[PDB]
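Visitor: Shown below is the structure under consideration.
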Amino acid sequence: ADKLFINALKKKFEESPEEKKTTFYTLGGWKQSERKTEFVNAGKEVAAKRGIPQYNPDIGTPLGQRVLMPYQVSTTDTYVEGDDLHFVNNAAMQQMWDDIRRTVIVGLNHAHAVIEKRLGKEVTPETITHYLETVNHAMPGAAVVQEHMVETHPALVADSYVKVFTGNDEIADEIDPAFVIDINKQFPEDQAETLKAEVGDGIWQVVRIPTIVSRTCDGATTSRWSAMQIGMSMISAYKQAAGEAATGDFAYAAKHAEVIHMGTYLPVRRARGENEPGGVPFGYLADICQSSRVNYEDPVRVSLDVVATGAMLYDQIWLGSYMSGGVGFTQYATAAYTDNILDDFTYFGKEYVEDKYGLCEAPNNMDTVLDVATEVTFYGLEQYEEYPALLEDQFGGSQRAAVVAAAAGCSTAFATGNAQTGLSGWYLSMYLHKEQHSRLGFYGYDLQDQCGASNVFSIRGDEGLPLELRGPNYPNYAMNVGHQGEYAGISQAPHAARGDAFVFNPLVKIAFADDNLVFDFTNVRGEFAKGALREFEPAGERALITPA
Amino acid sequence: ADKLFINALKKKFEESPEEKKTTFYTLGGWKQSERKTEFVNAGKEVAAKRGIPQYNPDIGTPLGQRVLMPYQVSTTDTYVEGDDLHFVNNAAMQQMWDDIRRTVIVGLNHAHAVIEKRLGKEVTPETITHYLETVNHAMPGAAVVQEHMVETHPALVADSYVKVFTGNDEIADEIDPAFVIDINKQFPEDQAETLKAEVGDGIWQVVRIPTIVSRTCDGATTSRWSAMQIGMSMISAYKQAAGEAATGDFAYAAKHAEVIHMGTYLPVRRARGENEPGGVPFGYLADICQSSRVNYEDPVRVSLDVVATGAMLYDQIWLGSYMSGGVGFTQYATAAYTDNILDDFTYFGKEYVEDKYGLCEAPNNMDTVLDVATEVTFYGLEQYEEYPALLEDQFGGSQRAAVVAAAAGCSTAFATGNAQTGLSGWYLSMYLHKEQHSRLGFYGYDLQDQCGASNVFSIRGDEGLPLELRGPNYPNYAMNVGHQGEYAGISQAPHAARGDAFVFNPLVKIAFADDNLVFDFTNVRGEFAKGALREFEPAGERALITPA
Amino acid sequence: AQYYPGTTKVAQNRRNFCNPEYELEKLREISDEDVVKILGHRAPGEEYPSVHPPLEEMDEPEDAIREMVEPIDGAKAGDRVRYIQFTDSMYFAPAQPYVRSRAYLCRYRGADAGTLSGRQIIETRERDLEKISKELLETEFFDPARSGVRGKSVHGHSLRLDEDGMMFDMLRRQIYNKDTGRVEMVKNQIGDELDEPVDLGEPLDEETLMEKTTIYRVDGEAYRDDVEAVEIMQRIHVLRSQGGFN
Amino acid sequence: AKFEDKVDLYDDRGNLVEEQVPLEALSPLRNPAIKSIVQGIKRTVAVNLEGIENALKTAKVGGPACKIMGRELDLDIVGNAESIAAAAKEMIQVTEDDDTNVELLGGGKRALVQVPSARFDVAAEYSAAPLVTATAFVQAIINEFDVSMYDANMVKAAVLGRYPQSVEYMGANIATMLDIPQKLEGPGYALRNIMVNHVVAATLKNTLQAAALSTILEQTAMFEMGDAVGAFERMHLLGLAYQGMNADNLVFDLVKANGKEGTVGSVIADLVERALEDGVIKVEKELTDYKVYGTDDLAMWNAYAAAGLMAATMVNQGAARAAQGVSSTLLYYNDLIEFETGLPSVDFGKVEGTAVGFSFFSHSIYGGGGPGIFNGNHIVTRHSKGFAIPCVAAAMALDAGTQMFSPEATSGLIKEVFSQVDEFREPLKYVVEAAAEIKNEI
Amino acid sequence: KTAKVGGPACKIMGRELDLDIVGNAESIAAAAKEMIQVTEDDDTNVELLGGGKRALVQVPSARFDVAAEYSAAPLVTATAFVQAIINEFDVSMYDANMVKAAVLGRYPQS
Ligand code: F43
Ligand SMILES: C[C@@H](OP(=O)(O)O)[C@H](NC(=O)CCCCCCS)C(=O)O
Ligand SMILES: O=S(=O)(O)CCS
Ligand SMILES: O=S(=O)(O)CCS
Ligand SMILES: [Mg+2]
Ligand SMILES: [Mg+2]
Ligand SMILES: [Mg+2]
Ligand SMILES: [Mg+2]
Ligand SMILES: [Mg+2]
Ligand SMILES: [Mg+2]
Ligand SMILES: [Mg+2]
Ligand SMILES: [Zn+2]
């Protein structure tokens with residue numbers, strides 16, 4: 001059958017994708033593009049309005065001496081210019097990040113113990129449901145105890161709420177389903193079994209604070225906001241004095257002893273509090289993505305939906321804005337989620353492994369790394385040599401490095417069932433690619449790559465860690481594009497081939513299984529397309545409080 | 001003339017402001033309020049659409065057993081319910097913080113030295129203008145060198161630009177005036193000569209990144225995004241190789257050697273990067289406020305505009321959201337910028353000092369602190385005792401403590417011309433207030449207050465600092481409402497009485513003298529009222545990229 | 001002990017509340033059962049719940065401090081720590097917030113007192129809290145119009161009185177009866193209805209409020225005219241200032 | 001001697017040990033026992049061998065609720081503890097007869113480790129203790145079982161957690177009384193970031209010993225911060241002696257006189273009477289039926305008032321056998337004593353202010369928690385320069401079981417290991433002995 | 001002398017203090033050394049350089065054998081110089097906080 005990227009290549013260029021030569025310089029520069037024309041016209045209107053020159057196509061070099069391509073968002077039939085995938089221009093991408101940033105998981109297990117022991121009061125499904133009505137009034141920023149409080153406008157904060165989950169079906173089935181993330185409904189039976197056994201009789205809140213507040217403030221706001229309104233709702237629903245010594249145990253539990261942040265804080269050169277992208281480990285990012293519970297018959301689709309989630313968040317918003325900015329890193333990321341290119345390469349590797357070893361049945365060793373990662377690396381590179389249109393599409397060497405090594409690392413992990421030999425296969429891919437073409441990525445691309453082999457299996461203080469625990473703050477990884485989201489894919493790959501319900505944290509997996517999110521985490525690439533088409537409706541806007 | 005709060009008190013209550021008795025429980029609870037009625041209807045609509053209960057006026061206790069008051073925004077004739085002053089519901093308050101978070105001051109002194117000495121090229125006003133045209137194309141997120149770049153939509157980033165300023169008039173006037181903050185146009189003559197003398201021949205950029213990016217990301221993004229696009233524009237405008245060794249000197253200069261952040265980063269318990277509210281020292285907040293260059297004839301007006309700036313940012317957004325959240329701290333802050341109350345007390349103290357000493361003529365010593373702070377404390381407290389409507393308006397002791405002590409500390413600093421004795425007067429005010437009424441603030445209000453006297457003049461490592469250099473991270477101040485914005489007013493007070501152009505950093509003062517900002521920093525209380533009326537137009541919205 | 005400087009009635013009243021040798025005037029009789037109901041922590045005839053086992057069951061190591069310090073009776077038993085909280089009107093209630101915490105730590109053992117503008121609280125072992133609470137409710141610490149027993153929703157210290165002379169209470173826990181002139185407690189301190197109300201006696205008249213109040217005000221005794229009390233506050237300020245420097 | 005002051009030192013039963021000891025013999029800068037305590041707390045690690053084994057068997061590594069399915073490793077670590085510990089010791093020590101200690105506890109489930117002092121004399125800070133211990137035990141476990149290159153990174157995760165993705169050793173199965181250098185509120189604060197519950201657990205809830213260990217750590221931090229340099233040095237040394245070392249038996253004797261029926265206010269009256277009797281204060285002025293007291297030695301008045309404050313905490317929270325009211329004692333002891341006397345309270349108002357925020361953040365929704373989770377580096381309790389947190393330690397030593405976040409809940413690993421160490425467990429004893437020993441060298 | 005304290009471009013108008021610190025370097029250094037040292041004749045070194053414009057300071061090693069880390073060097077040094085400057089000129093309580101800011105900067109706000 002046609003390689004999976006042929007349809008996109010045929011959409012992009014007049015020539016067939018095998019053709020070796022073309023014509024350039026005849027497209028009228030930016031004038032070939034609907035989006036660039038929109039931008040030129042908007043630039044003139046902005047500069048007049050404000051009295052300062054702004055976007056101008058004649059400053060600097062003239063874009064569009066070649067074709068300015070459309071991109072197919074992989075797994076869709078949506079084709080857009082790449083500017084519609086820039087996170088600034090895509091409200092789905094911004095909301096994906098807000099939905100992670102404004103979430104925190106907060107136990108009720110210490111809290112219910114404080115109620116039973118210090119206060120000497122009972123906790124039941126009834127009292128939990130009362131508490132949940134109370135906290136769902138309070139969490140978006142409304143009052144429950146004091147007179148003369150002034151509150152948030154409910155429609156500005158309509159995306160904030162609190163749900164719960166528990167592995168105890170007796171309690172879960174009894175609460176108003178309005179407040180419950182129901183594991184049995186959300187997950188297929190095998191996975192639900194696993195998840196309920198991990199959670200047991202623990203009861204956990206999934207708290208989402210308002211998008212408008214997360215945008216005004218920062219990620220480190222989330223757990224504090226959550227704990228203040230849990231605290232008020234504990235006082236109101238359990239009839240404490242409104243501020244007695246036991247009130248402090250609820251605060252310590254909700255802020256520290258039973259909180260799960262999405263991200264941990266960062267070192268000072270890249271100082272950031274909790275719930276910022278750099279603090280989100282790769283295992284959590286794979287668990288936030290909800291492809292695992294929908295597409296579990298297809299480990300490739302689960303793994304590459306994780307890669308899309310991570311490439312966009314880690315490269316476009318994190319490295320391309322928080323850690324840099326400007327035009328940024330759209331296409332360093334879109335190479336991993338468009339034109340079905342990574343999908344072609346990764347399905348080849350899955351096929352290879354399934355036929356040779358069977359999924360998860362290869363020895364977990366260097367022999368398997370050398371076999372699978374070399375075979376898949378040579379397949380991906382041969383596609384760029386056989387399809388000149390594919391090479392002109394993924395024109396930057398970094399893009400190609402990330403894509404070919406993601407397919408090689410994911411396939412290696414589909415063979416071994418272990419992410420660490422997956423990661424070794426990523427690095428070997430890079431070394432083979434560098435020798436094959438006498439280039440790899442950008443000037444700084446392979447800092448991590450050359451440290452890579454030696455740190456995959458190290459055990460030393462700031463070197464040794466299973467891949468699932470690594471993230472954008474692992475030292476070698478802290479700077480460079482074209483790695484982090486692919487590593488989240490490698491982290492997902494062995495667990496998707498094994499059929500595991502989660503990669504690193506079962507609470508995080510359950511906490512995103514919720515259709516009351518604004519972004520649909522089951523279909524990340526579909527959402528990116530919807531945002532690119534200007535059809536996604538984000539939360540957080542101020543239109544209600546601004547003039548017509 | 002009547003005390004300045006009398007009109008507000010007659011608007012709020014049917015009784016005369018002196019009347020000791022009223023009627024409660026007859027107003028129908030929330031049904032007396034237009035805004036609560038809007039909230040009850042919106043909560044029904046939000047809960048029905050999303051299938052989770054939300055705002056419910058029957059949760060917890062019934063608001064409005066007493067009058068739910070309007071507030072006059074001081075210095076205006078706008079009266080609004082306090083919910084319209086909550087930062088979530090007030091787009092002017094959100095934009096004020098966005099405009100600070102997204103600004104960074106970046107020298108061209110080291111940069112121009114790199115160009116002349118290392119690249120061996122000349123800098124003149126003409127090459128500076130050409131660099132400014134280039135960076136105003138690139139700063140909002142558009143390309144100048146590479147082919148096949150995808151860019152931000154110019155209309156989503158219309159608020160991002162770069163201007164410059166210099167103290168050399170003849171050089172300022174040679175650069176294209178579209179890009180220049182003109183010191184002589186913006187400041188009255190004496191302040192303009194002071195500021196130009198501080199700057200000298202130095203040349204500085206004021207860089208504002210897009211509000212939509214700042215809201216997506218964080219404050220620590222601002223100096224990075226700035227430097228990326230400065231770097232691209234130095235490549236394009238001075239004809240560098242696009243990435244050579246000298247490129248890294250422009251990066252280090254723009255990111256470290258000649259950057260001035262609005263806020264410094266925070267320690268780990270309250271981890272945050274740069275350009276977050278807790279890092280903004282009080283002297284910078286007084287300098288950001290532009291009342292000094294417009295209302296310089298009236299040092300009370302200048303000082304209390306800075307109090308409004310700071311009470312909103314530091315108590316509502318910073319302490320009431322970044323550091324807590326929920327319903328938060330609206331009226332802890334509104335007490336300092338509504339009903340002309342703090343204005344009445346502070347004009348009393350300014351006239352007292354004029355009559356007894358003369359502004360800035362009192363000895364800078366403890367005698368002056370004891371005289372002025374005691375006299376002004378008792379005046380303020382007597383007003384709450386004479387006017388039961390005033391006491392019922394500022395019903396929380398913390399609100400009274402902050403208002404009475406701000407008037408006492410600003411008046412002491414108007415007498416001595418020195419902010420340190422102003423700060424001693426603030427603490428003495430709290431100690432007298434506590435003994436007069438046998439109460440002060442909330443449970444934790446006077447942690448800094450009791451450490452206060454001893455730490456005013458300490459010189460020890462984490463104790464001793466002039467007030468202008470303190471901020472929300474000064475250890476004793478790091479937690480509590482009702483102090484930080486008032487301290488920024490006391491830091492402004494002696495400088496407004498002296499006629500000084502700035503309080504702590506002349507570059508920050510100039511950097512906000514710019515009508516291209518979205519928020520008008522010359523009239524902070526006017527803007528708060530505009531936002532309360534839903535008449536402010538913020539930047540950063542996603543309407544262009546979302547369904548009609 | 002001296003307790004407090006000043007030469008006003010307010011100052012003397014602040015000293016009398018602190019001084020455990022001053023006999024607080026008793027103004028009203030309340031039954032043990034009704035103190036329990038107003039506290040709201042346990043029902044009539046309910047055994048004291050425990051937070052830990054009795055001290056004698058614990059077999060602790062030798063500790064000279066613990067051996068010297070006699071535990072209050074509720075600590076010997078392992079009782080929960082519970083609370084009672086009061087709000088005092090700025091219109092001349094007899095006790096006020098810092099007056100209460102200062103007095104409590106001179107009069108009562110094993111006490112965690114907290115002061116705020118609108119509420120003041122003590123937390124201690126439950127059977128001991130019921131004995132202290134009787135005294136806080138029956139004596140001139142309390143007036144049933146200008147002071148309120150309130151575990152939540154405390155607003156009113158700074159509000160105008162109603163036409164009966166009663167402080168505002170969002171939850172109306174204390175009701176004056178227009179025809180009879182007595183206040184009744186109709187809800188416990190957290191706002192739940194009592195099966196039967198508790199009579200709290202007559203509000204003190206204006207003269208008696210002025211005799212007994214501990215707040216300074218321009219329309220009562222002004223703090224600024226109690227020049228000796230102001231001198232000591234100013235002294236403290238100046239001595240803390242100099243000591244923090246050198 | 002720079003200072004002429006002498007103090008009498010007692011044991012924790014109120015018996016005299018040594019009379020007329022020069023003040024500086026108690027200085028952290030001179031006293032060898034405080035040196036050994038501080039170098040001990042830098043170098044001592046608790047290793048939870050059972051916890052490492054369990055984390056590996058379940059693959060629950062990297063922090064709360066985290067697990068990697070498929071990564072389980074079943075290793076008989078506790079059954080081979082002796083061998084593992086000896087091999088870790090060979091990598092930990094510098095030479096074979098140095099002061100490295102590696103001692104199994106709990107049948108091999110735990111190990112006390114003391115990394116040799118000499119590693120610290122060539123180090124900037126104190127992180128060599130957890131980092132040298134962690135790698136020596138990771139390597140010893142790998143070498144005991146010949147764990148493969150493909151699996152060994154799980155042993156690393158079970159010992160040290162999610163570091164370096166996390167800044168902290170998140171999910172680690174080792175523990176120290178110190179916390180990482182990045183968590184300091186300011187430079188010089190590391191001896192202040194020691195949970196109160198860890199001090200109370202190391203000293204087995206002996207009230208005087210908990211107050212002494214806390215004081216020694218807090219006032220030693222005051223030296224490292226520069227607070228006790230120059231003008232302030234004597235004030236800090238006298239606070240250490242009188243508030244934390246029971247100098248002149250002042251704390252002890254106050255508690256004895258007030259323990260049966262006393263209150264915060266009775267202890268104040270007794271301390272004011274003792275300060276007057278000793279000449280530390282005198283009447284300066286008579287107002288109307290009110291004596292205004294003065295002092296010509298503010299550091300000694302501060303110290304006497306600090307001893308009274310510790311006694312008042314012991315009386316107040318000792319009578320309740322409940323620690324929570326320490327925040328109120330710290331507040332109103334100081335607020336009452338200033339209106340009782342006309343003199344400034346302990347630390348010139350900064351204990352009182354620490355207590356206002358500590359009271360709020362131990363009885364509200366906004367943060368903090370119960371007394372035992374605070375420390376001198378906590379934002380709420382850092383403000384007084386050593387004169388508040390030792391009272392919190394005494395109060396938690398006297399708590400009979402009212403806390404959810406008690407030392408049993410937060411500090412059990414610390415307790416098993418660090419209470420083995422005599423100088424950590426009974427520091428009052430060792431510091432007084434060392435002071436008596438160097439008495440004639442000051 | 002310029003009131004330029006607290007970081008790049010920062011100044012507090014009205015706070016200037018004109019103190020002849022370099023002309024009195026020897027006395028200031030000696031007074032700082034007496035606070036820095038633990039004992040007389042220990043390993044504390046305070047040596048003037050550049051005719052009193054600079055001082056090399058080596059804080060005694062014993063202060064580090066009773067410290068967790070190394071911040072006692074700048075902290076003990078800064079406070080001994082702040083106090084020796086204040087004591088050399090009899091700087092008042094009202095003004096001394098500017099000496100502190102000129103030595104150690106915007107800490108602890110930064
Ligand atoms: C539950 C606490 C304890 C705690 O940790 N925080 C609370 C409650 C909290 C909630 C109340 C929202 C609600 O009703 O659901 C919020 C809004 C913080 C949040 N979570 O959003 C808040 N206080 Ni409080 N809090 C306030 C205040 C106060 C004053 C109110 C005194 C009075 O007589 O009314 C007193 C402290 C004092 O006595 O000095 C106070 C207490 C308290 N404060 C008592 C509840 C008092 C009661 O039972 O009525 N706040 C104030 O004094 C004014 C500003 C006001 C804040 C809201 C705003 O700024 O608009 C609010 C700030
Ligand atoms: C104390 C500390 O909380 P923790 O004890 O660390 O949970 C801190 N919060 C605060 O300071 C709350 C400040 C604003 C709320 C109270 C205003 S009076 C913080 O979250 O970092
Ligand atoms: O040219 S560089 O490799 O320095 C940067 C690529 S975006
Ligand atoms: O009641 S508390 O002082 O704890 C909180 C006031 S918002
Ligand atoms: Mg049902
Ligand atoms: Mg949906
Ligand atoms: Mg949708
Ligand atoms: Mg007069
Ligand atoms: Mg304008
Ligand atoms: Mg009776
Ligand atoms: Mg006499
Ligand atoms: Zn943001």
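Ligands are numbered from 1 in the order shown, chains are lettered A, B, ... in the order of the structure tokens, and residues start at 1 in each chain.
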Kindly provide, as number ranges by chain, all nucleotide and amino acid residues lying within 6 Å of ligand 1, counting only C-alpha atoms and all ligand atoms.

Guide: A: 143-146, 149-150, 228-229, 232, 242-243; B: 325-332, 395-398, 441-442; C: 116-119, 152-157; D: 364-366

Visitor: Which residues of chain D are close to chain A, meaning at most 7 Å apart when you count only C-alpha atoms, and how do they look as a PyMOL selection string?

Guide: chain D and resi 62+65-68+131+135+149-150+152-154+156-157+162-167+324+361-370+404

Visitor: Those residues with N, CA, C and O atoms, as a compact mmCIF listing (two decimals), in the first residue's frame please?

Guide:
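In the end it all went to again.txt:
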# COMPACT_ATOMS: atom_id res chain seq x y z
N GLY D 62 9.71 6.79 42.76
CA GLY D 62 9.53 8.14 42.15
C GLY D 62 8.56 9.04 42.78
O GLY D 62 8.31 10.16 42.22
N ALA D 65 2.23 7.49 45.02
CA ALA D 65 1.34 6.77 44.12
C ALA D 65 2.00 6.31 42.81
O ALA D 65 1.37 5.64 41.92
N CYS D 66 3.31 6.59 42.66
CA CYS D 66 3.99 6.28 41.36
C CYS D 66 4.35 4.81 41.33
O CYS D 66 4.66 4.17 42.37
N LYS D 67 4.30 4.23 40.14
CA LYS D 67 4.64 2.81 39.92
C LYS D 67 4.96 2.64 38.47
O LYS D 67 4.29 3.26 37.61
N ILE D 68 5.94 1.75 38.19
CA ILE D 68 6.26 1.41 36.76
C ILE D 68 5.91 -0.09 36.55
O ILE D 68 6.73 -0.94 36.98
N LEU D 131 24.35 11.87 49.39
CA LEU D 131 24.75 11.46 48.05
C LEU D 131 25.80 10.36 48.11
O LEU D 131 25.72 9.41 47.29
N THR D 135 24.80 6.44 46.83
CA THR D 135 25.46 5.68 45.78
C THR D 135 26.16 4.45 46.35
O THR D 135 26.23 3.43 45.63
N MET D 149 22.85 -4.34 34.08
CA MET D 149 22.83 -3.00 33.56
C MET D 149 21.45 -2.56 33.18
O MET D 149 21.12 -1.37 33.33
N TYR D 150 20.56 -3.43 32.76
CA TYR D 150 19.24 -3.04 32.28
C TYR D 150 18.35 -2.75 33.43
O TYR D 150 17.40 -1.94 33.22
N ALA D 152 19.50 -1.93 36.83
CA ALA D 152 20.12 -1.25 37.98
C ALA D 152 19.52 0.15 38.25
O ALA D 152 19.45 0.58 39.40
N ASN D 153 19.05 0.80 37.22
CA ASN D 153 18.45 2.18 37.36
C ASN D 153 17.22 2.08 38.20
O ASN D 153 16.86 3.09 38.85
N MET D 154 16.57 0.92 38.39
CA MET D 154 15.44 0.82 39.36
C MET D 154 15.96 0.87 40.81
O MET D 154 15.27 1.44 41.68
N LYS D 156 18.60 2.52 41.79
CA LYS D 156 18.80 3.97 41.99
C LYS D 156 17.51 4.70 42.29
O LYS D 156 17.45 5.50 43.23
N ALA D 157 16.47 4.44 41.52
CA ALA D 157 15.15 5.10 41.82
C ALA D 157 14.61 4.73 43.14
O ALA D 157 14.07 5.60 43.86
N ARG D 162 12.99 10.48 42.55
CA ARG D 162 12.85 11.07 41.23
C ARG D 162 13.97 12.10 40.94
O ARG D 162 13.97 12.73 39.85
N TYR D 163 14.93 12.31 41.88
CA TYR D 163 16.04 13.22 41.60
C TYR D 163 16.85 12.61 40.44
O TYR D 163 17.14 11.44 40.43
N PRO D 164 17.27 13.38 39.39
CA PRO D 164 17.30 14.84 39.34
C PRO D 164 16.16 15.51 38.57
O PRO D 164 16.19 16.73 38.39
N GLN D 165 15.15 14.73 38.11
CA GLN D 165 13.99 15.42 37.53
C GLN D 165 13.35 16.33 38.55
O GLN D 165 13.05 17.48 38.23
N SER D 166 13.09 15.78 39.74
CA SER D 166 12.73 16.63 40.89
C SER D 166 14.01 17.23 41.47
O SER D 166 15.09 16.61 41.41
N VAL D 167 13.88 18.41 42.09
CA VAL D 167 14.99 19.03 42.82
C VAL D 167 15.28 18.19 44.11
O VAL D 167 16.47 18.03 44.46
N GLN D 324 -0.76 22.51 70.72
CA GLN D 324 -1.27 23.58 69.84
C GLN D 324 -1.12 24.97 70.47
O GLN D 324 -0.85 25.97 69.75
N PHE D 361 -1.22 30.46 61.13
CA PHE D 361 -0.92 29.31 60.25
C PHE D 361 -0.92 28.01 60.95
O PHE D 361 -0.48 26.99 60.38
N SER D 362 -1.49 27.94 62.17
CA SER D 362 -1.75 26.64 62.82
C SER D 362 -3.18 26.55 63.18
O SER D 362 -3.59 25.60 63.95
N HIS D 363 -4.04 27.50 62.77
CA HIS D 363 -5.48 27.46 63.06
C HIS D 363 -6.27 28.02 61.93
O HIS D 363 -7.40 28.51 62.14
N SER D 364 -5.80 27.94 60.67
CA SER D 364 -6.49 28.51 59.54
C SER D 364 -6.41 27.68 58.29
O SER D 364 -5.71 26.66 58.26
N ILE D 365 -7.02 28.17 57.24
CA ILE D 365 -7.03 27.32 55.99
C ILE D 365 -5.79 27.56 55.12
O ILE D 365 -5.61 26.85 54.15
N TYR D 366 -4.92 28.55 55.41
CA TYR D 366 -4.05 29.08 54.38
C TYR D 366 -2.76 28.36 54.23
O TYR D 366 -2.11 28.50 53.19
N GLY D 367 -2.32 27.58 55.17
CA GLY D 367 -1.00 26.95 55.14
C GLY D 367 -0.60 26.48 56.53
O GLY D 367 -1.48 26.35 57.39
N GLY D 368 0.68 26.29 56.76
CA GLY D 368 1.17 25.83 58.03
C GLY D 368 0.68 24.37 58.31
O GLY D 368 0.86 23.49 57.46
N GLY D 369 0.18 24.17 59.50
CA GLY D 369 -0.20 22.79 59.97
C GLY D 369 -0.04 22.79 61.48
O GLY D 369 -0.14 23.85 62.14
N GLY D 370 0.16 21.62 62.02
CA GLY D 370 0.34 21.48 63.46
C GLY D 370 1.75 21.91 63.85
O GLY D 370 2.63 22.04 63.02
N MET D 404 -2.39 14.90 64.43
CA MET D 404 -2.33 13.96 63.36
C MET D 404 -0.93 13.84 62.78
O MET D 404 -0.43 12.75 62.45

Visitor: Quick one, how far is atom CA of residue 11 of chain E from atom CA of residue 349 of chain B?

Guide: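 Taking atom CA of residue 11 of chain E and atom CA of residue 349 of chain B, their separation equals 27.3 Å.
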
Visitor: On all C-alpha atoms matched in order, how well does chain B superpose onto chain A? Give the RMSD in Å.

Guide: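 Result: 0.2 Å C-alpha RMSD.
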
Visitor: Show which residues sit within 10 Å of residue 183 of chain C, as a ChimeraX atom specification. Count only C-alpha atoms, and ignore same-chain residues fewer than 5 positions away.

Guide: /C:143-145,166,174-178,197-203

Visitor: Would you write out those residues with C-alpha atoms, as a short mmCIF file (atom, residue, chain, number, x, y, z; two decimals), in the first residue's frame?

Guide:
data_model
loop_
_atom_site.label_atom_id
_atom_site.label_comp_id
_atom_site.auth_asym_id
_atom_site.auth_seq_id
_atom_site.Cartn_x
_atom_site.Cartn_y
_atom_site.Cartn_z
CA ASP C 143 -23.40 40.64 77.77
CA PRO C 144 -26.19 38.94 75.79
CA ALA C 145 -26.84 41.93 73.55
CA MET C 166 -28.55 43.71 69.80
CA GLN C 174 -29.37 35.24 70.29
CA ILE C 175 -32.91 36.68 70.18
CA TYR C 176 -34.14 39.57 72.25
CA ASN C 177 -37.86 39.36 72.85
CA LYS C 178 -39.59 42.75 72.21
CA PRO C 197 -33.77 28.01 74.18
CA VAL C 198 -31.44 29.13 76.92
CA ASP C 199 -32.21 32.25 78.85
CA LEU C 200 -29.18 34.56 78.97
CA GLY C 201 -30.75 37.34 81.13
CA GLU C 202 -31.26 41.00 80.47
CA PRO C 203 -28.89 43.14 78.31
#

Visitor: Please identify every residue of chain C that has at least one atom no more than 12 Å from any atom of chain A, counting only C-alpha atoms, and report them as number ranges by chain.

Guide: C: 39-42, 48-52, 78-86, 112-116, 118-126, 149-156, 159, 168-171, 188-192

Visitor: Counting only C-alpha atoms, which residue out of D:25, D:201, D:59, D:1 sits closest to residue 412 of chain D?

Guide: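 Going through D:25, D:201, D:59, D:1 one by one, the smallest distance to residue 412 of chain D is for D:201.
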
Visitor: Could you pull out the residues sitting within 12 Å of ligand 8, using only C-alpha atoms and all ligand atoms, and write them as a PyMOL selection string?

Guide: (chain B and resi 352+356+371-372+374-376+378-379) or (chain C and resi 224-225)

Visitor: Neighbours of ligand 5 at 7 Å or closer, counting only C-alpha atoms and all ligand atoms: which residues, as number ranges by chain?

Guide: A: 173-177

Visitor: Mind dumping the selected residues with C-alpha atoms as a PDB file, in the first residue's frame?

Guide:
ATOM      1  CA  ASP A 173     -21.497   4.122  42.537  1.00  0.00           C
ATOM      2  CA  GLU A 174     -23.388   5.770  45.387  1.00  0.00           C
ATOM      3  CA  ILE A 175     -22.214   9.449  44.953  1.00  0.00           C
ATOM      4  CA  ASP A 176     -24.122  11.658  42.372  1.00  0.00           C
ATOM      5  CA  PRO A 177     -22.396  10.715  39.097  1.00  0.00           C
TER       6      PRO A 177
END
